[PDB]
Every structure is written in C-alpha cells, then in structure tokens.
Amino acid sequence: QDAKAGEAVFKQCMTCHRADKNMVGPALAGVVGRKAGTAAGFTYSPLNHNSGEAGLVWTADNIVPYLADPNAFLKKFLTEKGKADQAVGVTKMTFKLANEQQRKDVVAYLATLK
Ligand code: HEC
Ligand SMILES: [N]
C-alpha cells in the first residue's frame, strides 16, 4: 500500500489506462470506492458491468485480488451473490498482474488519483 511505489507499477497499467481519459480500458481516477463498471463513457463487458450492478465496489481489498485474475475474481464475486448466471463470458483486453505487493502498491496509487 506504498502509493509512491505504486506509481511505478502504474506505468505498466498505462499500457491500457489513463487517470483522466478512457483508452483501451476505462479512466481510473475515482475508481477507488466506486461501483464497478461506471466510469463515464466507457463500454464495459457484460461481466465487468454485471458485477457492479450486483454490488461490486472497488475498495482496495477488492481491487488487489481482482488485478491478479480479472475474469476469475468477477465470476467468483457474482457466483457468491447467487448470480453465476450473470457471470458467463469474459472481460475485455484481459491483463493479469501476479505480484501481490505491486498490486497493493498500485491500488494505493489509484487512491491518489482523486
Ligand atoms: C490492457 C491490456 C490492460 C492493462 C495492461 C490493464 N488493464 Fe485494467 N482494464 C482493462 C480493460 C479493457 C478494462 C475493462 C474490462 C471490461 O471487461 O469492461 C479494465 C478494467 C480495470 C478495472 C475495473 C474498472 C471499473 O471501472 O470497473 C480496474 C480497477 C483496472 N482495470 C485497473 C488496472 C490496473 C491498476 C492495471 C495495472 C496493474 C491495469 N488495470 C492494467 C485493460 C487493461
Ligand atoms: N485490468
């Protein structure tokens, strides 16, 4: 949860994301503490959208595991809500970051965007 170390990790994330505009992925400023799937202007996959509508909020403790396996995390979330029938299919332009500390750190960095 070292935000400054997270800035470096975020350079990897900038392959697809920016803070303040949509790109391959949605803009991330304000993502921490927000309902999943609700960055203005971005067209989410059914899986990323459906998870937010089922009550997924991007708290730090949700973003950190998500970043290791977006499809698995989202499906697990929906399945535990008894909504496995909304979890069919996969996310867009899927990226996985295995390193746990890098995930923790970049999530602290995301909180600095707003
Ligand atoms: C392109 C290959 C990506 C890289 C590298 C990273 N992300 Fe990403 N992210 C990408 C897309 C296309 C999407 C939307 C997927 C969909 O199916 O709609 C996302 C989504 C996120 C989210 C969820 C945002 C929301 O508003 O619900 C988060 C929190 C996120 N991405 C963060 C993130 C970070 C911190 C990354 C670097 C470690 C990163 N992503 C890389 C595409 C890509
Ligand atoms: N992502």
Side-chain angles (χ1 to χ4, degrees), residues 2-114:
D2 178 338
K4 300 191 292 298
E7 181 188 283
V9 179
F10 191 72
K11 297 287 158 219
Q12 290 211 322
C13 310
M14 287 174 66
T15 300
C16 297
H17 294 277
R18 293 282 181 292
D20 296 317
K21 61 179 160 166
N22 295 321
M23 307 289 284
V24 167
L28 295 176
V31 70
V32 184
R34 181 155 68 207
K35 178 173 164 188
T38 63
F42 189 83
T43 181
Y44 289 88
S45 63
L47 182 58
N48 198 146
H49 170 88
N50 289 349
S51 297
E53 289 292 347
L56 181 60
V57 171
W58 285 132
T59 57
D61 284 351
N62 281 333
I63 305 165
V64 167
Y66 157 82
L67 292 170
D69 194 335
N71 290 332
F73 175 85
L74 298 172
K75 290 168 181 286
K76 180 183 156 211
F77 177 86
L78 281 166
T79 300
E80 289 171 357
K81 297 292 182 194
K83 288 172 183 188
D85 62 357
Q86 298 199 41
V88 176
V90 299
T91 65
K92 296 178 181 264
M93 297 297 284
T94 311
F95 176 74
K96 300 194 256 186
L97 177 58
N99 181 320
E100 184 177 6
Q101 193 60 45
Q102 286 182 359
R103 290 184 278 121
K104 291 179 172 184
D105 289 350
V106 76
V107 169
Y109 183 75
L110 294 178
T112 77
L113 297 178
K114 217 146 87 138

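Along the sequence shown, residues carry numbers from 1. Every heavy atom of this structure was used, including side-chain atoms; hydrogens, water molecules and symmetry mates were not.
Between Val9 and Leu97 there is a side-chain heavy-atom pair separated by less than 4.5 Å.
With sequence neighbours excluded, no residue forms a side-chain hydrogen bond (donor to acceptor under 3.5 Å, both in side chains) with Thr38. For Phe95, there are no ring-ring contact (aromatic ring centres under 6.0 Å, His included) partners at least two apart in sequence or on another chain. Scored by the side-chain hydrogen bond (donor to acceptor under 3.5 Å, both in side chains) test, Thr59 finds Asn62 as partners (sequence neighbours excluded). Partners of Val32 under the side chain to side chain contact (heavy atoms under 4.5 Å, CB included) rule, at least two apart in sequence or in another chain, are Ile63, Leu110, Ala111. Remark: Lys35 engages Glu53 in a salt bridge (charged side-chain N to carboxylate O under 4.0 Å, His left out) (not counting sequence neighbours). By the side chain to side chain contact (heavy atoms under 4.5 Å, CB included) test, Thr94 pairs with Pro70, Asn71, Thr91, sequence neighbours left out.
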Contacts under 3.5 angstrom, residues 74-81 side chains, donor-acceptor by atom type, not counting sequence neighbours:
unit_1 : atom_1 : unit_2 : atom_2 : d
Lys75  : NZ     : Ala87  : O      : 2.8
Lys75  : NZ     : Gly89  : O      : 2.7
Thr79  : OG1    : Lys75  : O      : 2.6

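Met93 belongs to a hydrophobic cluster whose remaining members, ordered by chain and number, are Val24; membership requires side-chain heavy atoms of ILVMFWY residues under 4.5 Å apart, directly or through intermediates. Annotation for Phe42: hydrophobic cluster partners, listed by chain and number, are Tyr44 (ILVMFWY side-chain heavy atoms under 4.5 Å, direct or chained).
Listed by first then second residue, pairs satisfying ring-ring contact (aromatic ring centres under 6.0 Å, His included) with a partner in residues 4-27 read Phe10-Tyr109, not counting sequence neighbours. Sorted by first then second residue, the side-chain hydrogen bond (donor to acceptor under 3.5 Å, both in side chains) pairs that include residues 19-32, not counting sequence neighbours, number zero. Listed by first then second residue, pairs satisfying salt bridge (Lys or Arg N to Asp or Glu O under 4.0 Å) with a partner in residues 63-72 number zero, not counting sequence neighbours.
Ring orientation note: the planes of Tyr66 and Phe73 are nearly perpendicular, at an angle over 60° on the 30°/60° scale.
Without hydrogens or angle criteria, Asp105 side chain to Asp2 main chain gives a donor-acceptor distance under 3.5 Å.
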